[PDB]
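What follows is a single structure, written as structure tokens, with notes after it.
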Amino acid sequence: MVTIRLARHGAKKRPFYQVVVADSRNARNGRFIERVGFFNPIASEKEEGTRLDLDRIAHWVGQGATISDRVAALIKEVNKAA
Amino acid sequence: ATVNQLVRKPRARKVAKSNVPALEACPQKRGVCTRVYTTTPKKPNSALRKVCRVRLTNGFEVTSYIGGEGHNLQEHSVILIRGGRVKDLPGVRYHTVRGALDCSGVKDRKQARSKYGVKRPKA
Amino acid sequence: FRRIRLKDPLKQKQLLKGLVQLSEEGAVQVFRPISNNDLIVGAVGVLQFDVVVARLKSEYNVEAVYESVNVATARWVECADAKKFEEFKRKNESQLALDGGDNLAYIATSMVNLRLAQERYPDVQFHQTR
Amino acid sequence: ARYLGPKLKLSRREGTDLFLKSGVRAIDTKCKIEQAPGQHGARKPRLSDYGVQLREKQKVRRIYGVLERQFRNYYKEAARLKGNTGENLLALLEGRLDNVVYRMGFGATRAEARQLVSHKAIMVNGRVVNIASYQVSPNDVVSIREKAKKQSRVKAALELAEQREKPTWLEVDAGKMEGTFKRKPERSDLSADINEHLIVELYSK
Amino acid sequence: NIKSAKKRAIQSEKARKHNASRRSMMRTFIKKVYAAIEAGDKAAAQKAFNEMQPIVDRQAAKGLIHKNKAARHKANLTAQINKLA
RNA sequence: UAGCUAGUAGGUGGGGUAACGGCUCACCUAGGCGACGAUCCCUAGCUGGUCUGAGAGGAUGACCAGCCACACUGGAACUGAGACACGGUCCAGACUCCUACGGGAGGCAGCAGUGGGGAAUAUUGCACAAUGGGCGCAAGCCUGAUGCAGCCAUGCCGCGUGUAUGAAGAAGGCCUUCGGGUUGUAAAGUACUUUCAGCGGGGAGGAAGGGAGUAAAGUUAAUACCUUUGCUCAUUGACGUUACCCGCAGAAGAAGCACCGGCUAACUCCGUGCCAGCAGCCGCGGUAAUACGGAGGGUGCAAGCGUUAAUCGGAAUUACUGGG
């Protein structure tokens, strides 16, 4: 089963997640098909806080990927009319 | 030159042996340390150098040079062995670590005290 | 009472650890002199056959048969307040002895040395540890 | 980290004035300069190539207050930049925060400037920095916060700033102690005496 | 080892007879057709093939056979019974 | 290590595998590999990568990540889509334990922790607060993965151990041609400051969600149920006596280690006397030791400093770049 999920990179007390498409049986930092965008939870207001390419995400939705709760919250953050 | 000879038989790098056969690259070894006696050196020295034949814990029979001024060794008192040739005693390729196990440090030393294991002058 | 002189001197670490395990107890308090040999077993009783039988365990393999060596009176434990016990360590630096729990009593060979120690005036926030 | 010792013996050792003991007072002549680095100052050394390279390195290090590993890191940051290595190394040494505070006149000596940076007084772009290893970016503004402004230690030491060259690449306001950083310094502007070529030849091996 | 989920062991014991017993009767029907191959009677071979076909397809339906083993049986056994006839 | 192979090499036919397949059996031929290293012995998890090196190369691949193999040893099958299976089954062997002695229990190369080995390596800690995995519609449950906490200067980085002023150029130590110099603005004294520790108070962020209630749009016969979105309330932190900020007091609690003949940064005096001893190489010590030991001073690094062990460079002393 494919899924779109965060990967938990960064340092101790310095999180930096990687939204990525991967199988559920693989590891969190393990093998992935391809990466699309990123998220930084400590990215308070500066030049860039979140990049997220919606084309490949819509392509993986067209394939059957299960979106997790944080990635769905990022989809509701990157709104089509906002 | 003559590259076809290198095609048949490649240029084999010499594997030089180590100066201290210390069983797969370890810093120190711990031995039984018997046979405490003095050894007169080679020709331009004319001295009496203290030495000990150290039966190591891996089966090897090495002989390490006893450094420092005075020691408490008598056929016993397990010590620590470090590498390095002595260039004064042929057959001796090792040194004794002072401040280590049972051989105590050198009495009344102030300068060069990390080597030979002497503490800081307390007074 | 007497000493530790470590017959079969291989692997001292079972007594450098396992008797320090017994040094926190009320019966046994191990005393370490500076010269790194001749470690004193503390006994408040007389029969030290308890520790000698206890030296035949899974992590206890050294014998240390006893003899007669005279060290007299109890090593009165004292750790004085700062800036003042430093020169007390400095003047007789060959006359200290580590204890079980990193203490330094004075050294006890006779009553006259304890009288000289009381003459030396070690003002102390006193704790007995006994 | 810091030397915190005989900062006057070092200028006698190098011979040139390292500006460690600058102070409110002028050129002292109170330590018998150029003729007594120590006990055996009457000896004339052989002074070889590695000797003059090491003396030049120690001279630049005790001018700028940088330790050996940190200066090797500055050389690694100098060899990677554009232009040439020797100009880049002195630009990186000038880009230290304490050197900028020293050129502004906010403190008599360099150690006093380092202490002024360290004890929560020097603030650049509204962000306080205590460690002197901050790489000063171009087009910044350095000042002193209001809770640490003019407790006389900046004041009389500013008068020494009236006796210095007052270089071109930085401007001080001198009414509210608000400096202004500008473009990077040219090689033909900073002190005109120190030799980067011996440092390059030393760290090339 | 002591485990709360040891039920999957003995239930597989509950499997290892029954499903295999079905497999057992399956292959015996197949072997019956081989008896017709040793008999030479094409009518008995056709009757045995018609007897073994729906039960081996039912065994292919219940997850025991991946409907390519039993397909191979139907293929080569049909080839034998129309080569003999 | 110069011959190896007999299910061996290939073909036909039967069976078997989720599937080609000597994968497995019946028949036929004598083929197949090999000096461009077949078979045999030793060693070794492989790789992205790490270190060094201008590059080419050399060792390594420990931590992060992918694959493979293993679960006290060997073998075997079942369930299951996926195991011929770490915390599943059986059999045979070794080792601990119980027995009422008829018979059974066990496999830390999991997290912790222990014996032994070794020079060498940690706590029998907190919680699902967040991520992920399993089940459930959901709420909720488990998670020694994880998020952390404790120890170890093991490695890197930063800060401090005061700053300015201060000559009688004090006392003491060392040297001396006993004139004086050195330690030395160093210390004492005076004026400020308290970074970091101690104490007392505020205090984020890692927090998204989930629960209850209300409104609107879908759905439907249905303003009932259910999905979704605004909106109201009570809220969810092991870290945590948190990061960070303010206040109290007092320079107050905080500096060692190597070297000093050359290589390579730095000099004298005293004590032995080819004895004690140092040493990485040239080497010193035989009664005037800049090389041993002690005193003073200087140099270098710095909460680290020396020694030992390993890799690379220098070493073009493995020369493919680049030797004879």
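Every chain in the structure tokens takes a letter, A first, then B, and so on in the order presented; its residues are numbered from 1, and the ligands are numbered from 1 following the presented order.
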For range 183-196 of chain D, find every residue with an atom within 6 Å (counting only C-alpha atoms (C1' of nucleotides)), except residues of its own chain fewer than 5 positions away, and show them as a compact mmCIF listing (two decimals) with N, CA and C atoms, in the first residue's frame.
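Everything below was put into result_23.txt:
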# COMPACT_ATOMS: atom_id res chain seq x y z
N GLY D 86 44.75 35.43 -0.56
CA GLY D 86 45.32 36.35 0.42
C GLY D 86 44.43 37.54 0.72
N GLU D 87 43.74 38.05 -0.30
CA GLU D 87 42.77 39.12 -0.07
C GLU D 87 41.55 38.61 0.69
N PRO D 138 27.71 42.25 4.45
CA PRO D 138 27.66 43.64 3.96
C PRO D 138 26.28 44.25 4.13
Discussion item. Can you pull out the residues contacting range 49-62 of chain E? Cut-off 12 Å, using only C-alpha atoms (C1' of nucleotides), and skip same-chain residues under 5 positions away; I want them as a ChimeraX atom specification.
Written reply: /E:19-37,42-44,67-82
Worksheet item: Which residues come within 9 Å of residue 98 in chain B, counting only C-alpha atoms (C1' of nucleotides), excluding same-chain residues fewer than 4 positions away, as a VMD selection string?
Response: chain B and resid 67 to 68 79 to 80 102 to 106 115 to 118
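Across the model, the gap from CA of residue 8 in chain B to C1' of residue 1 in chain F is 18.2 Å.
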Item to complete: Would you list the contacts of residue 6 in chain A as a PyMOL selection string, taking every protein, DNA or RNA residue within 7 Å and counting only C-alpha atoms (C1' of nucleotides), but skipping same-chain residues closer than 2 positions in sequence?
Response: chain A and resi 8+17-20
Output N, CA and C atoms of each residue in that selection to a file, as a PDB file, in the first residue's frame.
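The result, stored in out.pdb:
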ATOM      1  N   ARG A   8      10.438  12.700   8.999  1.00  0.00           N
ATOM      2  CA  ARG A   8      11.109  13.078  10.249  1.00  0.00           C
ATOM      3  C   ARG A   8      12.631  13.164  10.078  1.00  0.00           C
ATOM      4  N   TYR A  17      10.443  17.842   8.481  1.00  0.00           N
ATOM      5  CA  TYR A  17       9.769  16.697   7.889  1.00  0.00           C
ATOM      6  C   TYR A  17       9.922  16.704   6.373  1.00  0.00           C
ATOM      7  N   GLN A  18       9.827  15.518   5.783  1.00  0.00           N
ATOM      8  CA  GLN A  18       9.878  15.329   4.333  1.00  0.00           C
ATOM      9  C   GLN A  18       8.602  14.611   3.905  1.00  0.00           C
ATOM     10  N   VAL A  19       7.680  15.354   3.293  1.00  0.00           N
ATOM     11  CA  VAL A  19       6.514  14.721   2.691  1.00  0.00           C
ATOM     12  C   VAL A  19       6.946  13.950   1.448  1.00  0.00           C
ATOM     13  N   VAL A  20       6.604  12.664   1.419  1.00  0.00           N
ATOM     14  CA  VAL A  20       7.180  11.750   0.442  1.00  0.00           C
ATOM     15  C   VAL A  20       6.190  10.613   0.214  1.00  0.00           C
TER      16      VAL A  20
END
Discussion item. DSSP on the backbone: which residues in chain A end up as alpha helix (DSSP H)? Give the answer as a list in words.
Written reply: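 The alpha helix (DSSP H) residues within chain A come out as residues 54, 55, 56, 57, 58, 59, 60, 61, 69, 70, 71, 72, 73, 74 and 75 of chain A.
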Could you turn the residues from that selection into a file that holds C-alpha atoms, as a short mmCIF file (atom, residue, chain, number, x, y, z; two decimals), in the first residue's frame?
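And here's part.cif as it stands now:
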data_model
loop_
_atom_site.label_atom_id
_atom_site.label_comp_id
_atom_site.auth_asym_id
_atom_site.auth_seq_id
_atom_site.Cartn_x
_atom_site.Cartn_y
_atom_site.Cartn_z
CA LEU A 54 0.25 19.58 -6.17
CA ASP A 55 0.60 18.06 -9.66
CA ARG A 56 2.49 14.92 -8.60
CA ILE A 57 0.27 14.69 -5.50
CA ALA A 58 -2.83 14.73 -7.71
CA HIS A 59 -1.12 12.09 -9.88
CA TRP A 60 -0.58 9.82 -6.86
CA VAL A 61 -4.19 10.44 -5.78
CA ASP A 69 -3.55 13.35 8.55
CA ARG A 70 -0.59 15.76 8.51
CA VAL A 71 -0.35 15.65 4.70
CA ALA A 72 -4.11 16.23 4.48
CA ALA A 73 -3.66 19.21 6.82
CA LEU A 74 -0.94 20.50 4.48
CA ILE A 75 -3.34 20.05 1.54
#
Worksheet item: What's the 10 Å shell around range 40-46 of chain F, counting only C-alpha atoms (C1' of nucleotides), without same-chain residues fewer than 3 positions away, as a VMD selection string?
Response: chain F and resid 1 4 61 67 to 69
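Non-sequential neighbours of residue 95 in chain C (distance at most 10 Å, separation of 4 or more positions within a chain, only C-alpha atoms (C1' of nucleotides)) are residues 33, 34, 89, 90, 91, 104, 106, 107 and 108 of chain C.
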At most 12 Å to chain F: residues in chain D, only C-alpha atoms (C1' of nucleotides), as a compact mmCIF listing (two decimals) with N, CA and C atoms, in the first residue's frame:
# COMPACT_ATOMS: atom_id res chain seq x y z
N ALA D 1 40.31 29.52 25.39
CA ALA D 1 39.93 30.31 24.22
C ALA D 1 40.78 31.58 24.12
N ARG D 2 40.54 32.51 25.04
CA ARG D 2 41.28 33.76 25.04
C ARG D 2 42.67 33.57 25.63
N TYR D 3 43.58 34.49 25.29
CA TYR D 3 44.94 34.42 25.79
C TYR D 3 45.01 34.85 27.25
N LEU D 4 44.40 36.00 27.57
CA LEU D 4 44.25 36.60 28.90
C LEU D 4 45.53 36.68 29.73
N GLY D 5 46.68 36.83 29.07
CA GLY D 5 47.95 36.87 29.75
C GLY D 5 48.77 38.10 29.42
N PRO D 6 50.08 37.91 29.21
CA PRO D 6 50.96 39.05 28.90
C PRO D 6 50.76 39.58 27.49
N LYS D 7 49.79 40.48 27.31
CA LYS D 7 49.48 41.05 26.00
C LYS D 7 50.48 42.13 25.59
N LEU D 8 51.39 42.50 26.49
CA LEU D 8 52.49 43.40 26.17
C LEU D 8 53.77 42.67 25.78
N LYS D 9 53.97 41.43 26.25
CA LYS D 9 55.15 40.66 25.88
C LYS D 9 55.08 40.20 24.42
N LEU D 10 53.87 40.08 23.88
CA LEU D 10 53.70 39.59 22.51
C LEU D 10 54.18 40.61 21.49
N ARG D 13 57.77 40.33 21.45
CA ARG D 13 58.18 39.11 20.78
C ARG D 13 58.15 39.27 19.26
N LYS D 21 48.04 46.34 23.56
CA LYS D 21 48.02 47.40 24.56
C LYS D 21 47.94 48.76 23.89
N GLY D 23 45.00 51.21 24.43
CA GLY D 23 44.56 52.01 25.56
C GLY D 23 44.26 53.47 25.26
N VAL D 24 43.91 54.23 26.29
CA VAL D 24 43.70 55.66 26.14
C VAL D 24 45.03 56.37 25.91
N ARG D 25 46.09 55.87 26.52
CA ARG D 25 47.41 56.46 26.40
C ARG D 25 48.00 56.16 25.02
N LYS D 30 57.58 51.73 27.30
CA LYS D 30 57.64 51.42 28.73
C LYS D 30 58.04 49.97 28.95
N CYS D 31 58.45 49.29 27.88
CA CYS D 31 58.72 47.86 27.98
C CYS D 31 59.98 47.49 27.20
N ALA D 36 64.01 43.49 23.52
CA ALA D 36 63.82 42.53 24.62
C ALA D 36 62.48 41.83 24.47
N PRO D 37 62.43 40.74 23.69
CA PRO D 37 61.26 39.85 23.78
C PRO D 37 61.22 39.07 25.09
N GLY D 38 62.38 38.78 25.67
CA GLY D 38 62.45 37.99 26.89
C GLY D 38 63.80 38.05 27.57
N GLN D 39 64.27 36.90 28.06
CA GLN D 39 65.55 36.86 28.76
C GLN D 39 66.72 36.97 27.80
N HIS D 40 66.61 36.37 26.62
CA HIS D 40 67.69 36.28 25.65
C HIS D 40 67.41 37.13 24.41
N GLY D 41 66.89 38.34 24.63
CA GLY D 41 66.53 39.22 23.53
C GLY D 41 67.70 39.83 22.79
N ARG D 43 70.07 38.09 21.52
CA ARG D 43 70.49 37.14 20.51
C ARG D 43 69.86 37.47 19.16
N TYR D 50 60.92 29.08 7.19
CA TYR D 50 59.86 28.61 8.07
C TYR D 50 59.76 29.49 9.31
N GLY D 51 60.90 30.05 9.73
CA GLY D 51 60.90 30.99 10.85
C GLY D 51 60.11 32.25 10.57
N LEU D 54 56.37 31.41 10.29
CA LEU D 54 55.71 31.16 11.57
C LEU D 54 55.58 32.45 12.38
N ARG D 55 56.59 33.34 12.29
CA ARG D 55 56.48 34.62 12.97
C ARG D 55 55.41 35.50 12.34
N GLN D 58 52.04 33.99 13.58
CA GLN D 58 51.77 34.34 14.97
C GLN D 58 51.51 35.83 15.14
N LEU D 67 42.72 31.79 17.32
CA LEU D 67 43.50 30.61 17.65
C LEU D 67 43.90 29.86 16.38
N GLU D 68 44.61 28.74 16.55
CA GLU D 68 45.24 28.08 15.40
C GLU D 68 44.22 27.32 14.55
N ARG D 69 43.37 26.51 15.19
CA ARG D 69 42.35 25.72 14.50
C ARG D 69 41.33 26.62 13.82
N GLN D 70 40.95 27.69 14.50
CA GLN D 70 39.99 28.64 13.96
C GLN D 70 40.59 29.40 12.78
N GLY D 107 35.53 50.86 22.29
CA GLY D 107 36.50 50.14 23.09
C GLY D 107 37.92 50.50 22.73
N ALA D 108 38.80 50.57 23.73
CA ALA D 108 40.18 50.97 23.50
C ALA D 108 40.98 49.86 22.84
N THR D 109 41.00 48.68 23.46
CA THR D 109 41.76 47.56 22.94
C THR D 109 40.82 46.57 22.25
N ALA D 111 40.64 43.22 23.17
CA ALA D 111 40.05 42.40 24.23
C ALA D 111 38.92 43.13 24.94
N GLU D 112 39.04 44.45 25.10
CA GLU D 112 37.96 45.24 25.66
C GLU D 112 36.76 45.27 24.72
N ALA D 113 37.02 45.29 23.41
CA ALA D 113 35.94 45.20 22.43
C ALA D 113 35.27 43.83 22.45
N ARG D 114 36.06 42.78 22.66
CA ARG D 114 35.51 41.43 22.77
C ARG D 114 34.65 41.28 24.02
N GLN D 115 35.09 41.90 25.12
CA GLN D 115 34.29 41.90 26.35
C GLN D 115 33.03 42.74 26.19
N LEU D 116 33.08 43.81 25.39
CA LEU D 116 31.90 44.62 25.14
C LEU D 116 30.89 43.88 24.27
N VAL D 117 31.39 43.10 23.30
CA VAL D 117 30.51 42.25 22.50
C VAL D 117 29.89 41.15 23.36
N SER D 118 30.70 40.57 24.26
CA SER D 118 30.28 39.36 24.97
C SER D 118 29.21 39.65 26.02
N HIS D 119 29.28 40.80 26.69
CA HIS D 119 28.37 41.07 27.80
C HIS D 119 27.12 41.83 27.36
N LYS D 120 26.48 41.33 26.29
CA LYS D 120 25.13 41.71 25.86
C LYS D 120 24.97 43.21 25.58
N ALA D 121 25.95 43.81 24.90
CA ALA D 121 25.87 45.23 24.60
C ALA D 121 25.80 45.51 23.11
N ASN D 130 26.82 37.84 21.02
CA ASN D 130 27.85 37.88 22.05
C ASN D 130 29.17 37.27 21.60
N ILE D 131 29.14 36.33 20.66
CA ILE D 131 30.36 35.67 20.23
C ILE D 131 30.99 36.45 19.08
N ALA D 132 32.30 36.68 19.18
CA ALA D 132 32.99 37.56 18.23
C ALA D 132 33.21 36.91 16.87
N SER D 133 32.90 35.62 16.72
CA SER D 133 33.08 34.92 15.45
C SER D 133 31.94 35.14 14.47
N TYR D 134 31.06 36.12 14.70
CA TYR D 134 29.97 36.40 13.78
C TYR D 134 30.50 37.02 12.49
N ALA D 148 22.69 49.24 27.93
CA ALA D 148 24.14 49.21 28.07
C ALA D 148 24.82 50.38 27.38
N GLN D 151 27.92 53.83 29.50
CA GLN D 151 28.32 53.78 30.91
C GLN D 151 29.82 54.07 30.98
N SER D 152 30.22 55.13 30.26
CA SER D 152 31.52 55.79 30.18
C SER D 152 32.62 54.96 29.52
N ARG D 153 32.43 53.65 29.39
CA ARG D 153 33.50 52.79 28.91
C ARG D 153 33.59 52.86 27.39
N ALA D 156 35.21 57.46 26.70
CA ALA D 156 36.60 57.90 26.61
C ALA D 156 37.37 57.08 25.59
N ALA D 157 37.02 55.79 25.45
CA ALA D 157 37.59 54.95 24.41
C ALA D 157 37.18 55.39 23.01
N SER D 204 50.09 26.22 2.63
CA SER D 204 50.02 25.48 1.38
C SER D 204 50.53 24.05 1.53
N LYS D 205 51.39 23.80 2.51
CA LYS D 205 51.94 22.46 2.73
C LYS D 205 51.00 21.62 3.58
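Counting only C-alpha atoms, the residue from C:38, C:87, C:24, C:102 that sits nearest to chain B is C:87.
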Discussion item. Neighbouring residues of residue 29 in chain B were defined as those with any atom within 12 Å, considering only C-alpha atoms (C1' of nucleotides); residues of the same chain fewer than 4 positions away were excluded. Please report them as a count of residues only.
Written reply: 34
Practice prompt. Give me, please, the distance in Å between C1' of residue 287 in chain F and CA of residue 45 in chain B, quoted to one decimal.
Written response: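 Between these atoms lies a distance of 18.9 Å.
Here is the contact set of chain F against chain C, at 12 Å and counting only C-alpha atoms (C1' of nucleotides): residues 114, 115, 116, 117, 118 and 253 of chain F.
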